[PDB]
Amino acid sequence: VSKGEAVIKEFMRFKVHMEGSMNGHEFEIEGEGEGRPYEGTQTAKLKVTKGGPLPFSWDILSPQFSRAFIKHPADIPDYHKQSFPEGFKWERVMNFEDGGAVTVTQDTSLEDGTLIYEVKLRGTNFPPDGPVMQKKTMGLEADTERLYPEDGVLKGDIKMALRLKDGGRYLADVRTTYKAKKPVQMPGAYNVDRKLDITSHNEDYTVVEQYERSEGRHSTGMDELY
């Protein structure tokens, strides 16, 4: 626990705005959320404000809507919670098994006690007849982010799996750098286990609600072939 880290309260709200494009199609999202940052739980309500109804799966967007809301055991310091009031940024690459590619950048700030999220997304090389652009996915399976500290940043990697409507999994590798806007006490390497659910949506996905539970843990031990 660091001095000033109690600016992240037991209950916190956020506002989010995304500007994005998928295979050259521009869109925008606006939303709001809330959660229990020390319990690792949160919800959000998102609305499509431009480019709707989206001609692609919501599951591409859902992991882009909140790093203050991760539970930690007592001996893993919270990189993101310590970054306040200044906050942090992140830079992500998603590489899908069929060659779809997504670059995402994000800014997190704090204004009058509310967390402010600005997201920029560019997706390219999605097969037009693939499960993303045909809207044939059915949410994210629970996954694990392996995080390690380097040069005052955190580097994360996720083996991500989207459920397919017709059965089976559609995989991605998701690599992200997380960058505090000031120096903070760094954790060791550790894992974040996560389950993100779409709890409700209107028929055309112009209004979407999501929930996530995120928990930090140690690894038990890595660079093995099998």
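Numbers follow the displayed sequence, beginning with 1.
In this entry, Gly221 is separated from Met222 by 1 to 3 residues of the deposited sequence that have no coordinates. Where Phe65 is followed by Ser66 in the displayed chain, the model omits 1 to 3 of the deposited residues that sit between the two. In this entry, 196 to 204 has the higher mean Cα B-factor, the comparison being between 196 to 204 and 172 to 180. Stretches compared: 110 to 118, 141 to 149. Higher mean C-alpha B-factor in the entry: 110 to 118. Which of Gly123, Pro131, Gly87, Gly156 has the largest Cα B-factor in the deposited entry comes down to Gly87. Per the PDB record, residue ranking by Cα B-factor puts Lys81 in the middle third of the chain. The deposited CA B-factor of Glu91 belongs to the lowest third of values across its chain. Per the deposited record, the Cα B-factor of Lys47 falls in the middle third when ranked against the other modelled residues of its chain.
For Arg217, the recorded CA B-factor ranks within the lowest third of the chain. Only modelled residues enter the ranking. Among the modelled residues of its chain, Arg36 has a C-alpha B-factor that falls in the middle third according to the deposited record.
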